[PDB]
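In structure tokens, the next block holds one chain alone, the form solved without the partner chain.
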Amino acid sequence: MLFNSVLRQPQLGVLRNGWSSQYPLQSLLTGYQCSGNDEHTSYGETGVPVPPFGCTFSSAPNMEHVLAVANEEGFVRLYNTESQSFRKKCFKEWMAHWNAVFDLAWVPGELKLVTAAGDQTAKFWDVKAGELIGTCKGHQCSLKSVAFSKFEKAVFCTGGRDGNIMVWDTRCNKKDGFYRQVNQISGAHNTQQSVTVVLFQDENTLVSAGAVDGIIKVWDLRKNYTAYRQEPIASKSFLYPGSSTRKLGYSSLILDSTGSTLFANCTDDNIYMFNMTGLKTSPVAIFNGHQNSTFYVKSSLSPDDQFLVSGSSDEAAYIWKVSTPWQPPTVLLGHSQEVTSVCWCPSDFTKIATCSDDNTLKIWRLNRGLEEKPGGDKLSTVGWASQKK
């Protein structure tokens, strides 16, 4: 229990439950409520609301609260999270692309941001002072993911709709303002063979997922795949463990803080939890109870690696406990359209930015004072967390 864990700490000392946190905080998950102030509508160029997709927190020092967001018109807006003022949240706005943005990534430990777009290019931004450092080019189709390794800030990799995977180095020669691929993995996820999500486990190990093949692959970047002359062979390959015979494809990849476990949403509405530090290729836990019908649905982990929050096409965000998959999930109702690219705040356990297709980027915060003193009816709170039954 939560109270007993806190009570016993002074006498017994620190005890390791398995996750980063020293206390079980699954009891307070029902207190998540999003106020009416956090209903930011990402308005388009014409003035009509536009669905935002892809929105992540930052990591620069003294700025671990800014939440970027992108939409279908290429608008990228930085949002303050701790402050409470509707017009004060948008302190930075610009046109990243003219053909939407499909992913975002903050440079670790720095205030630099990269956008993955349908323009078959990826821009490098300095959000500290608005400017375009460079525009990486080389993909033959629309990009779909950008990943930064937290152990190496100057190296990032992208995975496009065309199907090949290229890793860039910002320290390389600028040439004529266009960055060039350092290593390229041609045909990484062949059976429209799009690489749905790319991810960086370590400074060298890279993890990828496919939209059609349905096998997670782990590549090491020490070797050069540009001159492979055949289909590259991954160092490790987590085979598809489900039962459906249809050609499936994963939509999101997520690791914990230690980088051992991997969570991968799939088209079968399951979130398989693999382990990448052992010989057990088979999944450890099977999270289910949502509807992962669309590839846009993404997930994120709690800062203490104790809870997994994922989007769904049933207009709700689901939070399972990472240690007890059998328990019913906590459902964050409040949206009328599907919920995509949910981002739990890594620098604050309280904040959960439930990013949505409803043209409303909601920021959910813990409300332990449920009794409080006023009620404000249902106008004040627009999102209510409830355990699924």
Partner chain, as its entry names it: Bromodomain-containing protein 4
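Residue numbers count along the first chain shown, from 1. C-alpha atoms forming the largest set that superposes within 1.5 Å between two forms make up the rigid core.
Gap between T191 and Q192: 10 or more deposited residues without coordinates.
Keep in mind that the form solved in complex with the partner chain is missing from the display, and what follows is about it.
Though the partner is left out of this view, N173 does not reach within 4.5 Å of the partner chain in the entry with it bound, counting heavy atoms only. Contact between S313 and the partner chain in the entry with it bound is not found at the 4.5 Å heavy atom cutoff. In the entry with it bound, at least one heavy atom of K137 sits within 4.5 Å of a heavy atom of the partner chain.
A residue is said to contact a partner when one of its heavy atoms sits within 4.5 Å of a partner heavy atom; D119 meets this definition for the partner chain in the entry with it bound.
Of the residues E73, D213, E110, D268, just one reaches the partner chain in the entry with it bound with a heavy atom at 4.5 Å or closer; this is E73. Taking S194, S186, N183, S142 one by one, only a single residue has any non-hydrogen atom within 4.5 Å of the partner chain in the entry with it bound, and it is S142. You can rule out all but one of 224-232, 287-295, 91-99, 241-249: in the entry with it bound, only 91-99 has residues with a heavy atom within 4.5 Å of the partner chain. When the two forms are overlaid on the rigid core, CA displacement between the shown form and the other one of 2 Å or more is confined, within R229, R246, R87, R171, to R87.
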